[PDB]
Amino acid sequence: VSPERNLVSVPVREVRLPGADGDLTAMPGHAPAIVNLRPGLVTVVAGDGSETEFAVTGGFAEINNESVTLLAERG
Amino acid sequence: XXXXXXXXXXXXXXXXXXXXXXXXXXXXXXXXXXXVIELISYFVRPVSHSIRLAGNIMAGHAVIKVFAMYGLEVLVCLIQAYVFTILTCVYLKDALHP
Amino acid sequence: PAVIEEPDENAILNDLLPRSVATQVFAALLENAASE
Amino acid sequence: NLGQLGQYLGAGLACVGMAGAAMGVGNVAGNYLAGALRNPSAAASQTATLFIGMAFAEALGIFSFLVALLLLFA
Amino acid sequence: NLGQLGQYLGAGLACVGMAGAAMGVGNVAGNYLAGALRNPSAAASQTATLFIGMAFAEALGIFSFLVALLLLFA
Amino acid sequence: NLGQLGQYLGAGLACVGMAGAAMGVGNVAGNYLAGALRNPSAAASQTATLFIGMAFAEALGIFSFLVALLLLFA
Amino acid sequence: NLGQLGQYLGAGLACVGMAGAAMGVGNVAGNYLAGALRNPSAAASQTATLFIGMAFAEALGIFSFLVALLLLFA
Amino acid sequence: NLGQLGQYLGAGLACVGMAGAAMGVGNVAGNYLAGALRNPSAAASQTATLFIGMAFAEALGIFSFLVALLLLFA
Amino acid sequence: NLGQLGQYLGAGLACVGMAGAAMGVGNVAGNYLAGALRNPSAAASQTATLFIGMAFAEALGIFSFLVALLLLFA
Amino acid sequence: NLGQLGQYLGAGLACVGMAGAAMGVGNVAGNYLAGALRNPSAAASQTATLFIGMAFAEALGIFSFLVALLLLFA
Amino acid sequence: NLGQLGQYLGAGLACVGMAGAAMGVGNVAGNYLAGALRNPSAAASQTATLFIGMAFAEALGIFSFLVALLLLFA
Amino acid sequence: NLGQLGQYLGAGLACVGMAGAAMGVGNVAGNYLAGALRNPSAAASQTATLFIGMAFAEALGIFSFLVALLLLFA
Amino acid sequence: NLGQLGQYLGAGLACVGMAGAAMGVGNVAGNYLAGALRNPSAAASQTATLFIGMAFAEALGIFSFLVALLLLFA
Amino acid sequence: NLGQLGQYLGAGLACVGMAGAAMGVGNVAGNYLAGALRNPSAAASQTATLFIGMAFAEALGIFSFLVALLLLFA
Amino acid sequence: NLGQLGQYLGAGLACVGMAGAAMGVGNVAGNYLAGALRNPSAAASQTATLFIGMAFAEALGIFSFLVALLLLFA
């Protein structure tokens, strides 16, 4: 989600996002975590393996039991 | 306060000069600075600076024997003079109050 | 300053606080426009 | 001969003692560098503390040199 | 001769003891530098604590020097 | 002569023991400095704890000095 | 003479043992200081734990002193 | 005489063994202090674990004391 | 006499071996305390693992005691 | 007599070797505890890995025991 | 007699060498456990790497055993 | 007899040298495991680097084996 | 005979020196692996630096081998 | 014969000294790799500093080689 | 002959002392590299501090060389 709307709202196998300290690959069941990310590409492995890449201006990544939620900035 | 600065400017002038060490002179500055922690430490602090000044003659003389440097020696002379002034703060402040 | 709900902790709090203030203002704007 | 063997090995043991001194001083030095990164504005405090902190780290190394010189030259 | 071998090796062992002292003091010193970075405003507290903390780290090094001097000069 | 060799080397070993003491005390000291940075307001608690904590770190160093003095002077 | 050489070197080895004790106790002490920073409000718990934790860290140092005193005075 | 030299040096080596024990126990102790900071509410669990964890860290130190006492008094 | 010198010094070396054991076990113990802080709810898993993990850390210390007892009493 | 002195000191050196083993195993153990905190849900994987990882850490300790027993009983 | 003293002490020194091996392998093992926590999904990669990494850590321990066996049985 | 005592003790000292090698290699290995966790996608780079990095860590261990074999078999 | 005892023990001491080399090189290697994780894109810089950095870590190990070979073969 | 035993063992002790050098240099090297990750853009500064920093870490290793060569060839 | 054995072993012990120096200096060096990453803009301060800090780390290594040269050439 961004300030304006829901950017992703569906099942995914994993996400790859560049954190403030380093790269983060979040799989199902990852332990609860909060990290700011750097501007750059976010890799989303949707549903049945279909990959999609999107350039983000940065934001905050929140991980819990099942769902991972990227709170993306517009700049 | 002001007399301590005159004492510090005197000891720093001796330390900044140095040239050919000042081993015997450091023991006198310790007694002047004093006037377990009181007895033993007061002599050790001053003697360490003159031990550093004695190391300059050790580095210069022994290195000459190898053949037949100064930047680290010169800058360390300034560093040793600062600790003597800083030592006066330890004695004056703890004794002044409370 | 902000008021409580009643890789580091301090580093992420350094960016979220200015970014939270930002969103409150934006929330107030949208509310204020629909009230208008 | 025999007595000098004691003295000579004492000088070596004294030199071994310096392995620690250089380590401890190194610790002190490294904090300074890291601090400059965070607060170049506080170089005033850093520089002052450099002298004081460095002096302490040195002194025990100097005292060991004196002991080594005693063992070597009576 | 023989007895002096004991004394001489004792001086070396004493010098070896100082390897630790310089390390411990170094630890203390490094915290000061790191603290200046975070709070230049608390230099008042830092400076006061410098003396106290540094003194403690020194003392045991001085006591070892005395022991070394005893072994060396009876 | 021979017996004194035992005593003298014992004094050196005792001085070696102090290498640890200075290290441990140093650890304690460094935490104080770091704590001042975070909470200068809690200097009251810090100062009180300085005495208590420092005393403990010292004591075993003092006991070693006594042992060294015994080995040296009977 | 010979027997006393054994005893004397045993006292030194005992003093060497204390290098560890001071280190371990130091560890314990440092956690207290760090904890005060985070929770000055929990000083009640911290102070209580100081005694208990510190006592444990001390005891083995005391037992070593007894052993050193045995080696020194029969 | 000769045999007692073996015994005496064994007591010293046993005292040296305690340098580790105090270190390990110290580790355990320090975690407790850090944990209090984060969760004063979980002091119930912390206190219970203090006993259990501390006991384990102690035991091997006690066994070493027994061995030292054997070497010293047959 | 001579043979017993070998045995006695072996007991000391065995006691020195325990310096490590106490350290390793300490490591294990400290993780437990830190884990309680994060997840008091998972004390079930923590307690179960305490036994298993602690047992492993102990065993090699026990085997060393047996060896020490062999060296001491044939 | 003389030969047995070699054997006996070898047993001690073997016991000294175990100081490392307990340390290494301890490392392994501590990671398990930390992992439980983060992912209690992955205890299945953790438990399986406990056996495998622990076995490896043990083996070299066992081989040292065999060597100690050889030195002790031919 | 004399020659066997050399051989026997060599076996002990070889056993001492294993103190390191167990430590290094332990390091490797602990990373695996920590990695499982972060990425249970990457257990495929972790398991494969376990074998490879563990093998390397083992090999030098095995070579030391061979050397110990040579010293012991010619 | 006498000469072989030199050779035999040299083999032991060589085995002691391997305590370090296993430690260093272990360091290298552990970084690989941690890296897999963060970037399973970069296993290509990791695997390539595994060979190169591991080879370097091994080589000096091999050279020590050669030296041990020289001391043992002329 | 006697002279060769000096030479042989020198080879062992040289092998002991390599315990450090493998450790230092290991440090260097591990940073590379960690760096790949953060910036796979900077593998160009990493690979170039691998050679340079690794070479330096190796050289002193090679010089020690030469010294060992001198002691062994005159 | 006898004198050469002194010289030969001195060469070994010199080789042992290099265990530290490789460690220290390794430290320096590893920081470079980590720095590249964070700031590939600052490779200009990094490369320049590589030379300077590396040179310092090397020099004392070279001086030890000279000393080893003196002990070996008068 | 005998006396020279003392001198020669003293040179080796002096070379062993340098193992520490290289370590301490390495510490200092590594902080510089890390600092460049964070603040390339503060290279002015970093470069100035490089000289000062590096000089201190060197000096005690030089003093040890002098002592080694004394032991070697009277």
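Chains: A, B, C, D, E, F, G, H, I, J, K, L, M, N and O, in written order; residue numbering restarts at 1 for each.
By our rule, contacts are C-beta pairs under 8 Å (C-beta built on N, C-alpha and C of every residue); 3 or more make two chains touch, one makes a residue touch a chain.
Taken together, subunit B and subunit H share no touching chain.
Counting C-beta pairs in contact, the pair that comes out ahead of the other among A-J and J-K is J-K. One finds 52 Å separating the Cα centroids of subunit C and subunit F. Note on chain placement: the centre of subunit G and the centre of subunit H lie 10 Å apart, centres being C-alpha means. We define each chain's centre as the mean of its Cα atoms; on that basis subunit B and subunit N are separated by 33 Å.
Subunit D and subunit F, compared by their mean Cα positions, are separated by 19 Å. Across the assembly, subunit N contributes residues 2, 5-7, 9, 11-14, 16-27, 30-32, 34, 38, 57, 61, 68 that each touch 2 or more other chains. Within subunit B, the positions touching two or more other chains are listed as 44, 55, 58. Each of residues 21-23, 25, 29, 31 in subunit A touches at least two other chains.
Here the touching chains pair up as A-C, A-J, A-K, A-L, A-M, B-D, B-E, B-O, D-E, D-O, E-F, F-G, G-H, H-I, I-J, J-K, K-L, L-M, M-N, N-O. Taken in their complex, subunit F has these residues touching subunit E: 1-2, 4-9, 11-27, 29-34, 36-38, 40, 43, 50, 54, 57-58, 61, 65, 68, 72. If you check the complex, the residues on subunit J that touch subunit A are 38-39, 41-42. Within the complex formed with subunit D, the subunit B residues making contact are 44-45, 48, 51-52, 54-55, 58, 79-80, 82-83, 86.
Looking at the complex, you find that subunit A touches subunit C at residues 3, 19-21, 34-36, 60, 73.
Of all residues in subunit A, only 14, 25, 27-31 touch subunit K in the complex they form.
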